[PDB]
Number of protein chains: 6
Amino acid sequence: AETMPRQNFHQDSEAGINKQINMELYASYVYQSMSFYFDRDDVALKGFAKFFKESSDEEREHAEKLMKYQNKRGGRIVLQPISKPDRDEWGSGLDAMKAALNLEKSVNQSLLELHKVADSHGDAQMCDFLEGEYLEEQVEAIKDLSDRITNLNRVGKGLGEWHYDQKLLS
Amino acid sequence: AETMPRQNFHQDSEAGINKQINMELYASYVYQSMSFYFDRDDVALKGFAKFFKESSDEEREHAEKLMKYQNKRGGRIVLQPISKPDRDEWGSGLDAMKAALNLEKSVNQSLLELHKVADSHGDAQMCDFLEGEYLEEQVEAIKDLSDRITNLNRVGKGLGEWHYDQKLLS
Amino acid sequence: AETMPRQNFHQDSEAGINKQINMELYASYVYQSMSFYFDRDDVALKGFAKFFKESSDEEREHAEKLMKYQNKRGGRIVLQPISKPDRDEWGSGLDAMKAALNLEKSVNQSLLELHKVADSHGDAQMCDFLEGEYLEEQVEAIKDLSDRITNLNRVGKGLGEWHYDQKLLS
Amino acid sequence: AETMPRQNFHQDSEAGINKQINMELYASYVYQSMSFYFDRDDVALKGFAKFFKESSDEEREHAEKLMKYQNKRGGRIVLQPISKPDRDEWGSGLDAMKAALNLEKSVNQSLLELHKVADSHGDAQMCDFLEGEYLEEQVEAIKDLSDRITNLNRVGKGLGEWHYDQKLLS
Amino acid sequence: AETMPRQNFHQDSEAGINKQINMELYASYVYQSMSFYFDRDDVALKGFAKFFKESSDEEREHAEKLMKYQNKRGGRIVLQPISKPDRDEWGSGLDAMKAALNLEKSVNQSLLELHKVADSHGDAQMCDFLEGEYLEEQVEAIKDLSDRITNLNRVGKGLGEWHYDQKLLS
Amino acid sequence: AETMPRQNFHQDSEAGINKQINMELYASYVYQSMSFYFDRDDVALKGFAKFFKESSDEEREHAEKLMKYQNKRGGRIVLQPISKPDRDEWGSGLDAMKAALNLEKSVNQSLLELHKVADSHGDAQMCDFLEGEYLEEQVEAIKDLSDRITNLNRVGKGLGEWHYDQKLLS
Ligand SMILES: [Fe+2]
Ligand SMILES: [Fe+2]
Ligand SMILES: [Fe+3]
Ligand SMILES: [Fe+3]
Ligand SMILES: [Fe+3]
Ligand SMILES: [Fe+3]
Ligand SMILES: [Fe+3]
Ligand SMILES: [Fe+3]
Ligand SMILES: [Fe+3]
Ligand SMILES: [Fe+3]
Ligand SMILES: [Fe+3]
Ligand SMILES: [Fe+3]
Ligand SMILES: [Fe+3]
Ligand SMILES: [Fe+3]
């Protein structure tokens, strides 16, 4: 019945990992949409384009790391459609950053619930895996985006947004 | 209003590039599934894992190139769900290559359709874009996969698949 | 006789190549004028100066590539007066970018026209020459100018124009 | 029935590729004959020897490119005898250049008709392969040889031919 | 009324600078026409091609120097059409050199009269700018071209012209 | 007259050199065919591909050395059609090696024949030329192909052929 490697890895944890993989892929797709939106001729903010392209890349990397963890523990990857983002268009650099903060907080709460599932089944290894690989970077990300929101509000619309975008690129 | 850059770019073409983007994303997700299946403990062919990870990355890059093209011509990117692959498990290395060939032929026919759409609207720049970025690569990939199928049948299962896999990795 | 090299090169294509040479020379002269205007003591925007100087050079380079193409195909270069630009003065940096976009779109239409002539006469080589040498760089330029216009509107007049110009220079 | 890679590749195009491969071989052979003739003791023009040696190699390379193309699209190479050249001796340097121009014009017309065959069957990839790999080179070569005829008539026989030949070697 | 930098800069001198800019452009265009003519398949003198290409660039550079001068003194650039050359074809290498000598002599007389205009208005800085930037180069070029006419008559037609041309390229 | 360089070079030797040139060209074309066949999608043996491509080149190189020898001795090169190969398809790698051995032994007999002609006419220089340039490399090649046949029989069909081909490539 069990896969060869499998040890102290609960079915509830396995299912949860699969759900987290879909969420991280979803987040990647939201950031992809935002990145390409920022390169529209009528938006044209190359720093935001670049910032969200990297964020898309990172989210996909997170998903791929969970995929490999699943396999390593002897679980089985089950993929689901990657739902399209809620929006086609993402407003101002400030609007988009706020949107990113909300997305990262959603991702974080899912990871925190994932850790809770690990605790529940006394999976000490999975707890550590989640702390080291995701929780630490989530808190860093969330602070980073928050600082960006405060600055985007500080600089204002127009020239301020342009100058913040040039600093992103730099 | 029309977008500021837009010139000689038909709505038919715009819509068809959006469908092509989805399709390339779908192909990327198929290859991602295959790549991760090949690293299961009970499959464990790292060359196939590598080969399909690279193919997933290439398909995604094709999607992104189309996304930028859309923007450059002044059309608007419209994203749809990326549907999950047909299967969760992909058989032998031979089986998976056969599956890859059928996927790439489906992708090629879509690109040739895309070209015809550009032809239909006398979009000389788009024809060139598709010829140079996609059509040449696709013929090469199709031939490559075909060569791999012949060899996977030549070597047979067991040690043959194993040795073929090692040569993939190297 | 026909010239020694002449093969599958229609008189209609030959005349049209000559018309396009004149137009690319015209475009070069417009951008020369712009470039110089931006160095007036009462305008003094060195980045705009540099940007339109590069534009003038590229247009002249296009004209020269067409001259050489004419000769290569066994056609005969026929030069016409290079008409003075539409203006002596070119307004703000935003104004000048909008003027450039209009120019580049008129040039692109002329190039697409030229490709049409090549199609009509079943001149495969000429089509390819136009596609690879002019059509791709035209769509890039039109997107680039469009992005600039968005950003010049974004930053506004005064300090914004100043800061935009510095970044052109960088 | 079909080869595994075969897609959008017409029988007519396949047969015509095979005819073109024979023609490129035949041109290689003509140039080989000319090259060797120019190293006869009673001819002794090493520049002409080297020039036609290079041309022979290029033609063979063209044929071999078409051979790999055939295979890549899933067509089947079919080789025919390579007929001997119409002459055993090729006259003056000027005579040989005129003879080369005619050959290259015959080859170019064949490539133009091959492009038309691809057009007829809506084979966009084949069209691009011919344009990029053969048609551009052919117009270049036809111009080059025409310039050489002009200069060989300019310099005249005897010392002129000797000097022209040294410049070829240089 | 006056531009901010304007000091000791007469209206007459300003208008005359604008006339000189047109003349330098017109000379550039003549040399461009000659350069391209020499790369016709039925002319085919690459040394002459290169030589007149260089001369075309220098003349354009002269014009652009006068444009920046105008601006620097606080005058206003006024551009006129650049008339097409009096010929479409320029004969032998010797014919073209004779034609270049006449052109350069016409240009030099114009520069000498421009210097007189500066003299007339006691513009010491303008005098020095013309002497150092234009008059010295012109006497050098007039000597150079005269030496070339002498040698082109020396070597004679046919092989002589061919050898002269190679030496130009060298 | 006899040609200027001609000394101790019999008509019989001259004709035979021409026959050998044709045969070496024939052998080159056979190995070209083989080389290309091994790149078919349904054959796909890149090592065999590479090995017969080198063989084709070496045979052509032999042919060219004989052409130059003909000329050097004051003989006159007479070219004949290069007959198409015996097959269009060349079976397994073992099959193709056995076909090559037969070819090489037929070529060697022709070369030994040629040396005999040189002996008959007491042409010491020609004998040496044949010995040092062809006979030694023929005996090496025939041993090399024989070793390959033994090993292709040793390894068997399927995986063995595959592994042999990889080592050809290495
Ligand atoms: Fe192309
Ligand atoms: Fe010896
Ligand atoms: Fe994440
Ligand atoms: Fe995250
Ligand atoms: Fe793709
Ligand atoms: Fe693809
Ligand atoms: Fe242009
Ligand atoms: Fe342009
Ligand atoms: Fe060729
Ligand atoms: Fe060719
Ligand atoms: Fe000048
Ligand atoms: Fe001057
Ligand atoms: Fe041989
Ligand atoms: Fe041999």
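With a 10 Å cut-off between alpha carbons and a GNM built on chain D, which of D:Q109, D:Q11, D:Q20 moves the most?
Evaluated over chain D, the most mobile residue of the options is D:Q11.
What are the label-to-label distances in nm, one decimal and shortest first, from C:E2 to the same spot in the other copies, with labels 7 Å along Cα to Cβ?
Taking the point 7 Å beyond Cα along Cα→Cβ, the inter-copy spacings are 3.8, 3.9, 5.1, 6.7, 8.2 nm.
What residue among D:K46, D:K65, D:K143 shows peak mean-square fluctuation when chain D is described by a Gaussian network model with Cα springs under 10 Å?
Top of the fluctuation ranking is D:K143.
Would you calculate the separation in nanometres between label points at C:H163 and F:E54, each defined as 7 Å from the Cα along the Cα-to-beta-carbon direction?
Taking the two extended label points, one gets 6.5 nm.
With the dipole of chain E worked out from charges on the C-beta (+1 for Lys and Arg, -1 for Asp and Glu) around the Cα centre, which of E:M4, E:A96, E:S55 lies farthest toward the positive end?
Of the options given, the answer is E:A96.
Which links in B:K68/E:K72; B:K157/F:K84; A:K167/B:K65; D:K116/F:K19 stretch past 32 Å when you go from one Cα to the other?
Those over the limit are B:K68/E:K72; B:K157/F:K84; D:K116/F:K19.
What percent does the relative contact order of chain B come to when contacts are Cα pairs within less than 8 Å and at least six residues apart?
Averaging sequence separation for qualifying contacts and normalising by length gives 30 percent for chain B.
Restricting things to alpha carbons, tell me how big chain B is in terms of Rg and Dmax, in Å.
18.1, 63
Per residue of E:49-60, what is the mean number of Cβ atoms on other protein chains within 10 angstrom of that residue's Cβ?
For peptide E:49-60, the averaged partner shielding equals 1.
Please work out how much length the chain gains when fully extended from E:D119 to E:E137, using 0.36 nm per residue of separation minus the C-alpha to C-alpha distance, in nm with one decimal.
4.5 nm
About the Cα centre of the protein assembly as shown, how large is the charge dipole given +1 on each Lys and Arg Cβ and -1 on each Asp and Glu Cβ? Please answer in debye to the nearest 20.
300 debye
For peptide A:79-88, what's the mean number of Cβ atoms from other chains within 10 Å of each residue's Cβ?
Mean number of neighbouring Cβ atoms from other chains: 5.
Using every pair of alpha-carbon atoms in the protein assembly as shown, split the distances into 10 Å bins beginning at 0 and state the percent of pairs per bin, rounded to integers.
Percent of Cα pairs in each bin: 2, 9, 13, 16, 17, 16, 13, 8, 4, 1, 0.
With each run of n ≥ 4 DSSP H residues scored as -39500 (n - 2.57), what mean residue ellipticity at 222 nm is computed for chain C after dividing by its residue count and rounding to the nearest 500 deg cm²/dmol?
Result for chain C: -24500 deg cm²/dmol, rounded to the nearest 500.
With a 10 Å cut-off between alpha carbons and a GNM built on chain E, which of E:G47, E:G75, E:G160 moves the most?
Among E:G47, E:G75, E:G160, the largest mean-square fluctuation in the Gaussian network model of chain E belongs to E:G160.
Rounded to the nearest 20 debye, what is the charge dipole size of the range B:104-170 about its Cα centre when +1 sits on each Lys and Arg Cβ and -1 on each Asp and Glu Cβ?
580 debye
State, to one decimal in nm, how far the label point of A:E61 lies from the label point of C:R87, with both points 7 Å from Cα in the Cβ direction.
4.7 nm
Sort shortest first the distances from A:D144 to its counterpart in every other copy, using label points 7 Å along the Cα-to-beta-carbon line, and give them in nm.
List, nearest first: 3.1, 3.2, 5.3, 5.8, 5.8 nm.
Between the range C:155-170 and the range A:80-110, how many Å separate their Cα centres?
Each part reduced to its Cα centre gives a spacing of 32 Å.
How many angstrom lie between the Cα centre of the range A:118-133 and the Cα centre of the range F:1-67?
Rounded to whole Å, the Cα centres lie 70 Å apart.
Could you tell me which residue out of D:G132, D:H163, D:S146 lies farthest along the dipole of the range D:125-170 toward its positive end? Charges go on the beta carbon: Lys and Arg +1, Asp and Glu -1, centred on the Cα centre.
The Cα lying farthest towards the positive end belongs to D:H163.
Counting only Cβ atoms, what residue of chain C lies nearest to the axis that sends chain C onto chain F, and how many whole Å off?
Chain C residue with minimal Cβ-axis distance: C:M4, 25.
Measuring from a point 7 Å out along Cα→Cβ, what nm distances, shortest first, does A:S83 have to its partners in the other copies?
In ascending order, 1.9, 5.8, 7.1, 7.4, 7.5 nm.
Might you report the magnitude of the Cβ-based charge dipole of chain F about its Cα centre, with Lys and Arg at +1 and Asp and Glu at -1, to the nearest 20 debye?
180 debye
The numbers here are math on the coordinates, done by the rules we state, and not lab data. Heads up, the Cβs are rebuilt from the backbone with ideal geometry, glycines too, and the neighbour counts pull from every protein chain shown.
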